Amino acid sequence: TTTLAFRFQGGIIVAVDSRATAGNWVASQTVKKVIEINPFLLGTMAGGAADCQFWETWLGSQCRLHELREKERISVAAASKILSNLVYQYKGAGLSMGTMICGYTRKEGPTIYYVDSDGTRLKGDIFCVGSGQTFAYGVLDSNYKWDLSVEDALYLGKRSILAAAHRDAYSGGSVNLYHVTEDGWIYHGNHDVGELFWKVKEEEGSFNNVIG
Amino acid sequence: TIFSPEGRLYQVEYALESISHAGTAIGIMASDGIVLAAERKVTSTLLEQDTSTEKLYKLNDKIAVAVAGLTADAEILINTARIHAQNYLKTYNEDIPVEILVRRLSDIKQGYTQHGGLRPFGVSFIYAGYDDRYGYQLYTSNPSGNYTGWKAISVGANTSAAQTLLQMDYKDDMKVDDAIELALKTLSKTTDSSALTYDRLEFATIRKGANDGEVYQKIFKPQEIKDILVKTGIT
Amino acid sequence: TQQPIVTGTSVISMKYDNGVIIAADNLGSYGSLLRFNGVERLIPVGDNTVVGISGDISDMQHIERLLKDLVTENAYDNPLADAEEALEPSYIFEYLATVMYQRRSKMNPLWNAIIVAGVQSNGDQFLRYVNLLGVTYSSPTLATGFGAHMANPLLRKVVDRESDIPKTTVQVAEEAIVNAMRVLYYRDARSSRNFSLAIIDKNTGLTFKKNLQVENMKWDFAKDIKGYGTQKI
Amino acid sequence: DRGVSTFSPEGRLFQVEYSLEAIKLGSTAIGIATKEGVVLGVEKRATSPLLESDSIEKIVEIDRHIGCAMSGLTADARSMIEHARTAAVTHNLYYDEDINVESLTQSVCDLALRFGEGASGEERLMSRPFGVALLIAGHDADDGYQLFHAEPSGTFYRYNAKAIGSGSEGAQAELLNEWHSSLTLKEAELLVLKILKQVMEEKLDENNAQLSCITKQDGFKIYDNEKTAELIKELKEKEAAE
Amino acid sequence: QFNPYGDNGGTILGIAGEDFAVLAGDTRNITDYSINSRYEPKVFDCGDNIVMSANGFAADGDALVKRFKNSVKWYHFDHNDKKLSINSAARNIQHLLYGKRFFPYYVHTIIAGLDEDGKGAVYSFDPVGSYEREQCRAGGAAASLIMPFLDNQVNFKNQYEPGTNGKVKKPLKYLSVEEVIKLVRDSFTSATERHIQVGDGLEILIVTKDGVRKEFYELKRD
Amino acid sequence: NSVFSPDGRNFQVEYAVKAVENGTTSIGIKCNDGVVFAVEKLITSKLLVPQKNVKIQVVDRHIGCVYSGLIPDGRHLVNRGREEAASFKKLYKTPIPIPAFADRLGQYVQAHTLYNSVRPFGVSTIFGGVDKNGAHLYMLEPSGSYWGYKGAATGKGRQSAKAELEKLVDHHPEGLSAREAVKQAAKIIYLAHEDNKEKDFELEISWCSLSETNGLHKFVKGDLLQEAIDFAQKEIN
Amino acid sequence: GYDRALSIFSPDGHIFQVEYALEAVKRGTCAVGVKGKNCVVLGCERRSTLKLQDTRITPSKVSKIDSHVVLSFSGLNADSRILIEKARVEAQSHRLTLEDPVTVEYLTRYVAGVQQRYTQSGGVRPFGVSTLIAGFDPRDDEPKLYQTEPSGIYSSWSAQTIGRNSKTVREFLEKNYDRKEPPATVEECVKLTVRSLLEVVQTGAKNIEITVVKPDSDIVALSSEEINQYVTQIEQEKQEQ
Amino acid sequence: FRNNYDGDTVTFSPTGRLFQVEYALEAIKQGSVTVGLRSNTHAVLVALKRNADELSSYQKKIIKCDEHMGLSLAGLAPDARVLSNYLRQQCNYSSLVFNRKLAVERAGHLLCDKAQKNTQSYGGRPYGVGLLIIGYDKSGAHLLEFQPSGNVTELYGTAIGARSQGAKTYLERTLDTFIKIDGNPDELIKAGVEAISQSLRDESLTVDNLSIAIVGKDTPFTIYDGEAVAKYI
Ligand SMILES: COc1ccc2c(c1)[C@H](CC(=O)N[C@H](C(=O)N[C@@H](CCc1ccccc1)C(=O)NCc1ccc(C)cc1)[C@@H](C)O)CC2=O
Ligand SMILES: [Mg+2]
Ligand SMILES: [Mg+2]
Ligand SMILES: [Mg+2]
Ligand SMILES: [Mg+2]
């Protein structure tokens, strides 16, 4: 798995691969690693497939409950803290999850929280998570500027997951891309690595360790 | 536990009624100490004075209570208060502030008022204490679980009579020795007996420890009460 | 955490045209000590069902009590207990499978492998297996332990698929059972010459044979075997 | 006084009957089920002019497709609402779908049954019945728009139209005449506003009365004050011209 | 030590058509190197036009199927006979599986039916409830043998349009029930040749907008 | 219930007895190697399915129970008896002796007369069977009181039933075969139906006999039932 | 334990124990709250039965629930302490889990729920208390005032009052509180609050206490001298005609 | 006499009566009428549903318990929901554990015992609902009547609720005819629809008034309402 989220001038880019593995077996290439919690909230999934899918779906439920109770959308801070506190109750039982909670509210602005099954919860502008994280970090960090256009930021996110899909045996499949705004997530498509690699090679003139 | 049509609590009311028959206890706070004096309920020559304490109890080294009501109920409460003071000492390495101990005790009483269908405790307390936030303090608590702070107060029998007398002679600038006098005079005036003799009294002070910088609780032996009944001129 | 102590080897069984046959020897082993010799491991329930049990014998005895209690309880407030509301092999089975699976799920198994044989009330043969893990399956032939490795191959030569079952007679089937018991006595070090056998038939009912013995064994060829290779005398 | 679940010689439960009496003393709540939606309206009934009226919540969202209106001892209704929301969200967690309106009602009614101790046959964690009734309105794909009346007796009924609370005897008769299967949502809105106007003890404006509805397309909505005001212009003129 | 788990062999395969779905499984049940049965079905009609298989440890498979059939029964009772839709079945099964997260069912499970629009649908679960809808899936012992075939013959992966110098891919069409059964039979005769735990019999369950239909084919018995 | 009257009585139990007297009549008869149980079933309406509202109950395999009063209270008592016989067998392996079983029921019925939060049982139960050392017949009252009986009756026809029972004890001191006791049971049930004649009745008989049932509890049905019905029909006319 | 039902329904539909709980509030000392344009003021009357008190240490009637929210009551004093404690706990718990101090509405809903719970549980009696909860939501200048009562009903008020003779002061506030024109400042809001109490107290000596809540966790009690200056100015100015 | 003796179910009257239970029986007499009857091959429930208003739904009187079993209700409806749920659970348990369809008779015994505990425990009321239970099992069609005293009886036919005494007298009269209505679902329903008529001071029973349920030999238990009953009015 590789997943990333970063804040920039024009909001938040969220990008994830779609590969599922058991050992060295490739279980699926078309798995969904983003959860649309509500129109202003996203969750990313790395680690145990079941653990992630189950507890982030559950987080969706708890988030909806907050809306009904308080007649207001839950803050990114509070949604992340629900999942953080749940996971912490389970510490040492073998839950396995690395997770980003990403969204917009009026009071907070655009916000990313990283949450894992050790109970760590951090706020930050850039996170890459999963077995492919270091690869994503290499591309992302070396081309990251705060003032990137929306178009470029979308590309860099797309390009960082591709980096990782190529080098990390346990990443791949497709890129799923999201932009989070004031208004606020917009889906920017599914991009099969099968086609995307050749296209990026051609147009960018990169991937020179590759014959063909 | 139930409410009356008037919004009063029967069992609580009746417990207060019981307390008005108990020996009077008086507490006076002065600027350099506190006085606790209490009258023992119609005694006998054969009662052991030298090993008796029915109205005055030590809670820790800095806090004492005067009791009006059922002694057996008071011992239950006193014991939990003692424990509570030690928990606090263990948790914070500081002696418990007087209010905190009073509030906890009051809350246990309030509880019996609101759930569980047990009878309330038929007890009223005057607390005499010192701490480094408020210095000398005096508080009262009754079976309802309510509590209030005072410069001078009484409980048990003749409180209404004793309260008016204290109102009259009490002055802010008092020394403890003047408070000693006031308390003995007030019990003398309000007894339902010939005279207020030593054998019918319990007496205690919380002073600024002779000459030190420290707080000392003096629980008067019978002999001392007879001597202090001399000075104040009631033989 | 548990381990079998006193055990008893294969239970073997097949369907024929009209019913079922099941057999098991009369031994209770204590590791390699052939300790007890009058052990009955065929448990008749009603007269349409026999439960054959291998594995730990203390657990076996527990399952006997459970089955007797089951007969008592089904009789309670049941005027049709010996007719339309008689215990069926399938009820006995499902019950045992439930117990077996619950016990393994609590990490405290009944250390057995069990075959339930009988005829349903509509004449249908019933033959099913459950073991200490709650694993269940059904087959024209069934055997536990060594019987699985050695009796099944022999029994399957007779009934190899469903369509072979109208074709098999009581006599042929019992012959195959008796012969497989002899093979087990030849090759299983935890077996015994004495066994019980039960036939449950849609016409005949329940025939329970006790104190059967393996007969017609071949041992004569042993006199010619000298040494382990080169030795001549 | 002897018990909390004793039968009368007629065969009724004392406490259940009296809780029904507490509901008659409540504000008025009216619901009407069309084929274009279900309208829910309530009398706010502020006890003083110093009370801020929009702080009066007698219409609540349960899920996007389910709203409810209460009448009686409205404080009792908190835990019923909490339970209803949890049941609907939970159902969506377990099943990735919306809970049927009828199923949600049945669950609220099961909760209402739980007075006593554990009545020797299971467990009752509540000392008296609820003193509040609910009108439960929503849409689902099987049965479309639906209106239920949930009573502290744990029974519920479906209704084409229904009134509860102090003005309910009078409002119900009115609904018996005005209701027909054909009403638009707008026709039904007006009818709720009309019938509240009749039975209320103030002059009905946009502060002492509240409107809401649920449609398949837009979900459950509580109309804001400006919108209801404009429906109250509209009712005034419709009747003054008839 | 007592080991609560075993392995019963066994291979299952789901393919979704346009207006049908199939779920196939071999009928052989094994333990170690022995054969328990040559005919023990492990694909089940669960009512509401849903079929299910849970393959691996057969005792956990049976337990799950039972538990889910029971879910379907109680769904009718509590929701006034509402049909349990395939996506709702899927979500439910996730909670069944994840409920045992710390003492799992050793099964890989597949369900098959029609979705809300009457399109063929296939859902597959890991042992602890992670799940996905897919056009097709093989599960169990010979899964690693059969899946890549499916990727190639159902989703036409790595197949390009002849002459286009690999840009135009073979366009993803839908397969008839006849073509699907052909791939199923071939997938299983392949698996029987190369996997020792696979053989004896093939049972196929076909689901359409008229119910559930059964088909059976002999497999090699060695 | 926990309440003694000023003269040492328990009115609630006395009232529980009234529920019993109000009940249908039932009996048991001890014979030379067993026990026979019989009960009157009032046919309220022709709609009642004949032979199909069985009142006599078995406990374990060797014990019959019949009761008069509130039927639900009897079923409750038998459920408890079955649990109590299972627990005995589980620990001691042997099926419960009738005297042992009696006391188990006794202690349980008596317990429901100790506490203000419980009512006594509204039945008398007649029960027994064969054990290791012979046949036994018992009767148990709402107070928990029980003794061994040669013959027993309770319910509305109790008085005449006892009179008939008393005659048999006098004519047959040398023990009554199991087959005779069956006939006589059918007779006695007829001779207590006199009282409740307004509505029709149906007869139920069960027996437990060492030589006739192998010491197992069995229902009398078919030819044996018809023959006992005939005996009673001919001996009432 | 003991969970025998004490609060049950009357033939005509009331819960008697809750109704009698309101009676306890009626005989409790009076308390009032009014909200300015940019503040809220809380006023309470102290009784005159006993006057040899120590004001340093006697629990005053306004309580901080958090740094931005306050609570006063009328009714059983001991009963109020159970509510104030739970509210304080809830407020810290909410900062812990939602990473934000409570809204005044949230805190009210919470206290009200506790009160409601004690009207339908076996073995407990309802709270002989009604409350006024006042303050400002995090990062909000718009003032908030809420009332709760033993039933668990709650609501917001521009101004409200509870306790003995609350009827009089309510009447006073209805005539004197103008919704379009809230008291524009602190000083003029305190005055209107003192005026309403003077209607019931009859000398405002150490018997009238005032607490002022401004936005963003700014809460100050008032001394004798600051209150005295209000009483002095009120009775002198309002006597001529 | 009725004075201090009807405070709870834990007190006998000096006549030996339990008034709380007799009062519970009185709520049944208030409930709307329902009829059950059966032949050798089918059993039918017929119920008159009751509205709370002309703007309301007629509330349901028939509840499915299993594929071979269900019941109708008269009295407190939420009490019917408690008991049918328990019965659904008992049916289910029997299927899962024993793979056995629960005998209608055992369902009777179970409901009876459950009602019983409530006639003897301090601080709980008896159930205030009467039930008519129909099913098809291994000994055929069955009808049962359940009273909250715990008395359950097996009948060819019966009625409970308000004015039910008419229907009962009719069934008492018709007996020998409807008992033989075999293999003809529609004639048996007609006999039930006619029997319920003898109990109308009401109105002419409408397409909403009417609830019919059936179970038998080759028919799962099924509920008819609305349009699907018109052909019987
Ligand atoms: C008894 O058998 C057991 C018991 C316990 C457990 C498993 C099997 C599981 C088998 C199992 O591995 N199942 C697989 C799984 O979880 N794979 C992981 C990698 C392995 C991994 C990495 C970290 C922690 C656990 C597992 C994976 O692909 N993660 C990326 C991903 C993220 C999100 C989504 C939606 C899908 C995929 C699924 C895809 O089949 C692991 C587990 O908890
Ligand atoms: Mg669905
Ligand atoms: Mg093979
Ligand atoms: Mg007692
Ligand atoms: Mg008798």
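Residues numbered from 1 in each chain as written, not as in the entry; some residues may be left out. Chains lettered and ligands numbered in written order. Part of a larger assembly, values for the part shown. Heavy atoms only, no water.

The PDB entry lists chain D under the name Proteasome component PUP2, with Saccharomyces cerevisiae given as the organism.

In the annotation of the PDB entry, chain A is listed under the name Proteasome component PRE2 and assigned to Saccharomyces cerevisiae. In UniProt, chain A has this text filed under Catalytic activity: "Cleavage of peptide bonds with very broad specificity." (UniProt positions renumbered as here; feature names shortened; annotations may be inferred.)

**Regarding the interface of chain G and chain B**
The interface of chain G with chain B comprises 30 residues on the first partner and 38 residues on the second. When chain G packs against chain B, close to 2,800 Å² is buried across both sides, 58% of that on carbon and sulfur atoms. The interface formed by chain G and chain B contains 1 salt bridge. Where B:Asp107 meets G:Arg81, a salt bridge forms, and the shortest distance between an N and an O atom there is 2.9 Å. Where chain G touches chain B, the interface holds 12 residue pairs in polar contact. (Contact = heavy atoms within 4.5 Å. Buried area = accessible area lost by both parts, 1.4 Å probe. Salt bridge = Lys/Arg side-chain N within 4 Å of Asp/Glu carboxyl O. Polar contact = N/O pair within 3.5 Å; in protein donor to acceptor, adjacent residues only side chain to side chain.)

**Quick word on the UniProt feature "binding site: bortezomib" in chain A**
Residues and elements named next belong to chain A. Taking the UniProt record as the reference, the feature "binding site: bortezomib" is found at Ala49. As for its placement among the helices and strands, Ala49 is situated in helix α1 (residues 49-70). On the basis of relative accessibility, which here comes to 40%, the residue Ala49 falls in the partly exposed class. (Helix = DSSP H or I, 4+ residues; strand = E, 2+ residues; numbered from the N terminus. Buried < 20%, exposed > 50% of the residue type's maximum accessible area, 1.4 Å probe, protein only.)

**Focus on the UniProt feature "active site" in chain A**
All names here are of chain A. Mapped onto this numbering, the UniProt entry annotates "active site" at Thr1. Relative to the helices and strands, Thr1 is located in the segment before β1 (3-8). Classification of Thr1 as buried rests on a relative accessible area of 13%. Discounting residues that sit within four places of it in the chain, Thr1 has contacts with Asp17, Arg19, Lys33, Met45, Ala46, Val129, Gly130, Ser131, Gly132, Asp168, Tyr170 and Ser171. There is a polar contact of 2.8 Å between the side chain of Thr1 and the side chain of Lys33.

**Focus on helix α3 (residues 104-117) of chain H**
In this model α3(H) runs 21 Å from its N-terminal to its C-terminal C-alpha over 14 residues, within 8% of the 20 Å that 1.5 Å per residue would give. Most of α3(H) sits out of view: 12 of its 14 residues are buried. For α3(H), the set of buried residues is H:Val104, H:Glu105, H:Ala107, H:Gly108, H:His109, H:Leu110, H:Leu111, H:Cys112, H:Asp113, H:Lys114, H:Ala115 and H:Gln116. Among the structural elements, α2 (71-92) of chain F together with β4 (69-75), α2 (77-98), β5 (129-137), β6 (140-146) and β7 (152-154) of chain H are those in contact with the buried residues of α3(H). (Expected span 1.5 Å × (residues − 1).)

**Re the side chain of C:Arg182**
All names here are of chain C. Structurally, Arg182 is set in helix α4 (residues 170-187). Summary of buried charges: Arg182 has no salt-bridge partner, and the nearest side chain of opposite charge, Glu215, is 7.7 Å away. Sequence-distant contacts of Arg182, defined by excluding residues within four places in its chain, comprise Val214, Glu215, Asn216 and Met217. (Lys, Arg positive; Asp, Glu negative; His and termini not counted.)

**Brief notes about unusual backbone geometry**
The phi torsion at E:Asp200 lies on the positive side, around 70°, for a residue other than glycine. When you line up the elements, E:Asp200 lands in the loop between α4 (177-194) and β11 (201-208). Residue classification places E:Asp200 among the buried positions, given a relative accessible area of 3%. Positive phi values are uncommon outside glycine, yet G:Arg139 reaches one of about 60°. With respect to the secondary-structure elements, G:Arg139 resides in the loop between β5 (129-135) and β6 (144-148).

**Description of a negative patch on the surface**
All names here are of chain B. A contiguous patch of negative charge, built from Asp61, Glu94, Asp95 and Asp132, is present on the exposed surface. Turning to its location among the elements, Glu94 is positioned in the loop between α2 (71-92) and α3 (98-114). Here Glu94 falls in the exposed class, since its relative accessible area comes to 54%. (Patch = residues over 30% accessible without salt bridge, like charges linked within 9 Å, V, L, I, M, F, W, Y side chains within 5 Å. Areas by Shrake-Rupley, 256 points an atom, 1.4 Å probe, with all protein chains shown as cover. Charge placed at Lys NZ, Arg CZ, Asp CG, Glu CD.)

**Digging into the packing of helix α2 (residues 78-95) of chain D against helix α2 (residues 86-99) of chain E**
Running from N to C, α2(D) and α2(E) point in directions that differ by 95°, and their axes come no closer than 6 Å. When the axes of α2(D) and α2(E) are compared, the pair comes out roughly perpendicular. Along the contact surface, α2(D) presents D:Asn92, D:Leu93, D:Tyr94 and D:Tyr95, while α2(E) presents E:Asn87, E:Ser88, E:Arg91, E:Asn92 and E:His95. Split by residue class, the contact of α2(D) with α2(E) holds 3 nonpolar, 5 polar and 1 charged. (Axes fitted to C-alpha atoms, helices over the stretch in contact; angles between N-to-C directions. Parallel < 35°, antiparallel > 145°, perpendicular 65-115°, else oblique. Nonpolar A, V, L, I, M, F, W, Y, C, P; charged D, E, K, R; others polar.)

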